[PDB]
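Asks: Below you'll find the sequence and an experimental structure to go with it.
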Amino acid sequence: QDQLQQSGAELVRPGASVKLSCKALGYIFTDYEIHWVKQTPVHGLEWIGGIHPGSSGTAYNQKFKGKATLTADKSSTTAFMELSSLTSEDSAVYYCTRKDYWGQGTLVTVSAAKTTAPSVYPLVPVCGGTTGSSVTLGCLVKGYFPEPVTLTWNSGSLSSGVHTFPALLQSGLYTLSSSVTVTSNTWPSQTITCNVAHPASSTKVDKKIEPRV
Amino acid sequence: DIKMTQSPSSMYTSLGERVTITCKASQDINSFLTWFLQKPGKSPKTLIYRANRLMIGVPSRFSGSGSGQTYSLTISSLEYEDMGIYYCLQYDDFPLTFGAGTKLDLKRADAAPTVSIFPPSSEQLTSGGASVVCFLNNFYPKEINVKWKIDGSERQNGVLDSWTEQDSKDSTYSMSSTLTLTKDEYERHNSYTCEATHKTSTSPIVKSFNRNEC
Amino acid sequence: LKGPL
């Protein structure tokens, strides 16, 4: 009745292996099947297989038989899922489920990428500089790894009019962008700064947006 | 492999409204069916199981019926916190199979995008790359098409598209388009153009610049 | 919830 608790996020190299774990809490571990489910934006949700910790019997989707090994340990009420010969296509969110309850998922990222600080470009309006009521400014954060980056406008002080677009993969590295609209009189009279931080490389960047030309 | 046919796949809804979502199975599943909801970057949460049993903790607003092949989930009056994707799951047989999902968003008056184009930055240029950025921001509905034109011709690779989710106050959507070229290729051309196709209009919405400075 | 299969 309580919970499933899953292991942390995993970053692995192509062709390596990964063992994920699913800790069952507050229910009789030996009475229910644990099922593992893969999620990715291209395939949707797909069932890998399941395990009965009581009997020790397993059932697999034919697509994962030979790739994935399902085991369970009664003494620690933990179900494990082993994935071998990993490739970019094994990149996904893996869940254990009881059909009613769901663990929170482990993110598995298969990649050769090395940690690399991002490059940050100030995005100032096109020369000409429109004459409407507002102006959009932007900031482009290119080529980092791994995924988590944090971006603010004016250290958090500028918060409305902001849009920050989900990062996407480009040539094996992450790219992200952000935009703010402020009224005509604000900029360039008052400075605007884009603040970016990449904890994995411990990179702290503050780029100001000066007018072109 | 039992097929699950979930419809509709996306629905435009008002707060307060009563919604019905469906799953047809390709064979009788004997009511072994769950209903679950996923919120952006969040683990699924089960609502109903065995076709109609509510889950401990779920508002009584949710209700599910069916038997045989046609199963259904009704939300009597929609709430802001109900928004996300709804799935259905048959577990009558192996392999377990799920439905494609049903995405709910808040309907609103249609709004055309506000388009902004940005020439590369000097710091980018000084390292060999040139990124041309286009922001299409605050529009509705979500459907939008973007084509890039360099000196009058369409350019397909190197383009990178990113969508924000429906905004919680104004309900609109936003996207950024980044065209990555090298500095040499960027310097070999002059007129960079952004074009957006949206229900709000006939003709696409176009933004451009000239590198020799328009 | 079914359990044995």
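Replies: Sure, I can see it. Numbering: from 1, shown residues only, chains lettered A, B, ... in the order given.
Asks: Skip the chain neighbours and tell me the closest residue to the closest residue to chain C within chain A.
Replies: Closest residue of chain A to chain C, CB to the nearest CB: residue A:99 (4.6 Å). In short, each C-beta sits where N, CA and C put it, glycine included. Distance criterion CB to CB, 6 or more residues apart in numbering or on different chains; nearest residue to residue A:99, sequence neighbours excluded, is residue C:1 at 4.6 Å.
Asks: What's the local residue count around the one you found?
Replies: For residue C:1, the count of nearby residues is 14 (other CB atoms under 10 Å in any protein chain shown).
Asks: Let me know whether my guess that it is in a strand holds.
Replies: No. Using DSSP: H, G, I helix; E, B strand; the rest coil, the assignment for residue C:1 is coil, not a strand.
Asks: ok, it touching residue A:101?
Replies: No. Using CB atoms under 8 Å, residue C:1 is not in contact with residue A:101; the gap is 9.9 Å.
Asks: what domains does the record give for the chain?
Replies: Going with chain A. A:1-112, A:113-211 (curated CATH domains).
Asks: looking at chain B here, not the other one
Replies: Domain assignment for chain B, taken from curated CATH domains, gives B:1-108, B:109-211.
Asks: Give me the distance between the longest one and the centre of its chain.
Replies: It refers to domain B:1-108. Offset of domain B:1-108 from its chain centre (CA atoms, centre = their mean, to the nearest Å): 18 Å.
Asks: okay, which residue is most central for chain A?
Replies: The centroid of chain A falls nearest to residue A:147 when counting by CA atoms, centre = their mean (6.4 Å).
Asks: what sits against that one?
Replies: By CB atoms under 8 Å, 6 or more residues apart in numbering or on different chains, the residues touching residue A:147 are A:109, A:167, A:174.
Asks: Name the member of those with the most neighbours.
Replies: Ranking the contacts of residue A:147 using other CB under 10 Å puts residue A:174 first, with 21 neighbours.
Asks: secondary structure class for the residue lying closest to that one once chain neighbours are set aside?
Replies: Nearest non-adjacent residue to residue A:174, counting by CB to CB, 6+ apart: residue A:167, 4.6 Å away. Of the three states, residue A:167 takes strand according to three-state DSSP.
Asks: can you check residue A:75 too?
Replies: Three-state call for residue A:75 (three-state DSSP): helix.
Asks: burial measure for it, as a count.
Replies: A count of nearby residues for residue A:75, using other CB under 10 Å, gives 6.
Asks: Against residue B:13, how distant is residue B:23?
Replies: Using CB to CB, to the nearest Å, residue B:23 is found at 18 Å from residue B:13.
Asks: Look at the two and report which has more neighbours.
Replies: residue B:23 (26 against 16).
Asks: Which residue does chain B have closest to chain A?
Replies: As assessed by CB to the nearest CB, chain A sits closest to residue B:162 within chain B, at 3.6 Å.
Asks: Run me through the strand neighbours of the helix or strand that contains that residue, direction for each.
Replies: Using DSSP states H and E, residue B:162 sits within strand B:159-163. Looking at strand B:159-163 with DSSP bridges, its partner strands are strand B:173-182 (antiparallel).
Asks: buried set for the strand it pairs with?
Replies: In terms of neighbour count (16 or more other CB atoms under 10 Å in any protein chain shown), strand B:173-182 has its buried residues at B:173, B:174, B:175, B:176, B:177, B:178, B:179, B:180, B:181.
Asks: for those residues, which one is nearest chain C?
Replies: For the buried residues of strand B:173-182, the minimum distance to chain C (CB to the nearest CB) is 37.7 Å, reached by residue B:173.
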